[PDB]
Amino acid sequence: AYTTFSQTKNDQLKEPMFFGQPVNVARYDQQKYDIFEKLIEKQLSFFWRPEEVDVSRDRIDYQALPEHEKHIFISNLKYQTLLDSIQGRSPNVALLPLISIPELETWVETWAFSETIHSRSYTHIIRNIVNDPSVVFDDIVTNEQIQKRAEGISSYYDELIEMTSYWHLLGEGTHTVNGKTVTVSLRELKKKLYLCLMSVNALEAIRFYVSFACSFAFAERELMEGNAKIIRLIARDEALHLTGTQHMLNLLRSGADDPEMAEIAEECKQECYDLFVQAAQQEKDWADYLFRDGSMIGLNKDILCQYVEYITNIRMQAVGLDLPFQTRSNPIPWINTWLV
């Protein structure tokens, strides 16, 4: 059911963002929702190359950091490296086969692409501060702590990809495959997609902002400033990334795109609220892992866990969900001089 060039001439302005007729002609003269065209323009104007930033002195700072501070820094770096590895390929394999409007298709591709630049910058850093980069890279797949957060995020993607395959192959309805029943509902598929987008929004809007806190905490003490210059640029991109998923989620919930989606939005309010809250809990448990051997100047478990709450509330707010925490303020206001 999927074609790289649908032969039916259609009005792209009348197609839903998802599940419509695959995009055939790529035009940017007109747009259904010009937010995506703006995101593309913005992202392109922000184009940067990691190689350009000098992270040579960071090598010295890193070597001088006491054990626990190295731990804090490196664990954080490994996590980011993993999240962007997933973010690099995923928007492409998972969303591309379902997009129905040119603007969104190109945005997804541009978004996925900037993530690869992020992954490259992580190599650029790791390469210049560690002696054997392989040590670091290997632990990213090994480390049970990181692994617990890896699956869960990849699960929402994997399920979507599998269901999408079936739907494209067998079409809707009940089917038989090697003597088993298989039910392909377009409603279930749309639900999986929504959930996945909630998860991705949590990933970029919450998880990544927690790591930015750690990186900037060091920069505040004038340490790891090469790394800081890079996180500064990555954070600038991340803002665009989360804005994209916010608008997607909000267009879908308001039913201004596909009304079956607006229904799905409400039938999931709880499941969505739960995944967001679960994410925040994981991040708080991550803070434990990070500070197990001791804190550092400007940051500790309490400050970080409160930040997780503050940030989570603000994000859930933006996609019309209930705030799950009492926290009303940001404990590290200095992070704003680094952001955007």
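Just so we're on the same page, rigid core means the largest C-alpha set that superposes within 1.5 Å between forms. The first residue of the shown sequence is 1; numbering continues from there.
The stretch that moves more in 4 other deposited structures of this protein, judged by CA deviation after a rigid core superposition and choosing between 7-15 and 321-329, is 321-329.
Where the structures in 4 other deposited structures of this protein are fitted on the rigid core, 294-302 is the one of 276-284 and 294-302 whose C-alphas sit farther from the shown form on average. Across the two stretches, 90-98 and 110-118, the PDB entry reports the greater mean Cα temperature factor for 90-98.
Mean CA B-factor, 79-87 versus 248-256: the higher value falls on 248-256.
Highest CA B-factor among the listed residues (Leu203, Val210, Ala265, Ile234): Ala265. For the set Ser215, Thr142, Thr243, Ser199, the PDB entry puts the maximum C-alpha B factor at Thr142.
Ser56 sits in the highest third of its chain by CA B factor, as recorded in the PDB entry. Per-chain ranking of the deposited C-alpha B factor places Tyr307 in the lowest third. Among the modelled residues of its chain, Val277 has a C-alpha B-factor that falls in the middle third according to the deposited record. When all modelled residues of the chain are sorted by CA temperature factor, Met316 is found within the middle third. For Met224, the recorded CA temperature factor ranks within the middle third of the chain's modelled residues.
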